[PDB]
Structure formats: structure tokens, C-alpha cells
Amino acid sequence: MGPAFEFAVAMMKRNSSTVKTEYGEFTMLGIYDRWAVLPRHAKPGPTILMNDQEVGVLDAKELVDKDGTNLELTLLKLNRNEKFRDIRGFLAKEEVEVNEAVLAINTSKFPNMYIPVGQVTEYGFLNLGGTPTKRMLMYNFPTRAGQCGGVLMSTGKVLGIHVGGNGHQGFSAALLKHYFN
């Protein structure tokens, strides 16, 4: 748990930002170059607020699998000169399972907050608020609204982005290496 916490804190400092769309305030993880990722429900428009500063969105891709099934991630390309620290080496080729994970949230509602969620298991298929979704990771913890966009991490691993919760169970979309490039 401790090493996952130390990893998470470092990763958030280097790669995370707080973002506002017309649909809410979200934690945003920058991945490489000007590409970042948001939970699909963030529904980013032509401009976003990133750390309170207006930023143009050049492109947004709502990820689906080979059979059109929702993955609940949106990738976005930002109109900005600074490049994200390349973290693609921390992204797995397939859904990660770990014994000890932390979920990191960074918004106005949850400024630099970290939650131990314990074991992460590949859940896979889920009907997510009425939408069939795949590649879900599941973990047990008391889930609250505003946590959407949180970054799920263990030591040396970025596993996914928190996209939903129900009572005492949360779900992340797996953040896979091949989604980038």
C-alpha cells in the first residue's frame, strides 16, 4: 500500500491536472505528447478548463472495442505547447490485476486525495448505467460522486480511470498501452 501511495503521489504531481467541461470537474491524466484521457462522461467540448485556464481540444475519441462496445474512455488532444511526460511505459498491454491499489483524485471537490481500494480484479463486462461496457476493473470501497476520472494505480503501474461506483464497489476502465498511437 505504501509504495503504491508514494508512486501515486509522484505520478499525480507530474502528470495530473484538474479539468472542467460543461459536464463537470474531472481529474485528468496526461499520457504523452498532448494526448490525455478522461472518463467518457466528461463529454469534452471544443474548449476545456485545465487548471483554470482555457485550452482548445483538437480531437476527442470516444473509445469502443471491435464490436462497437463502449470502453468508457475519451482520449483528447490538447492545443498546448507543453508536452506531457511520456507515461506509456506505465500502461499495461492488458487488464491489470493487483493486490493493493490506490485511487488518486485531484479536483476542487477532492483536492489531492488518495483512497486505498485494495485488490483490483478484472471484471470485464458491465452494464454501466444502461450502457454495455467492457474491460472494467473492479475494486471495493465506499464510492461517492465526483470521483469520476480518478486514476487507479499500484506500485509502478497505472491501471485505469475510475468511471463508476455503486455503494461499495467501484469500476475503472482499463488504461491500455495500445490506445496510445
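Basically, rigid core = biggest C-alpha set you can superpose within 1.5 Å across the two forms. Position 1 is the first residue in the sequence shown; the rest follow in order.
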Do you reckon 153-161 or 166-174 strays further from the shown form in 8 other deposited structures of this protein, measuring C-alpha RMS after a core fit? 166-174
Which wins on mean Cα temperature factor, 23-31 or 62-70? 62-70
Which has higher Cα B-factors on average according to the PDB entry: 77-85 or 104-112? 77-85
When you compare the CA B-factors of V57, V37, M153, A42 as listed in the entry, which one comes out on top? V57
Quick check on the deposited entry: does the C-alpha B-factor of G170 sit in the lowest, middle or highest third of its chain? middle
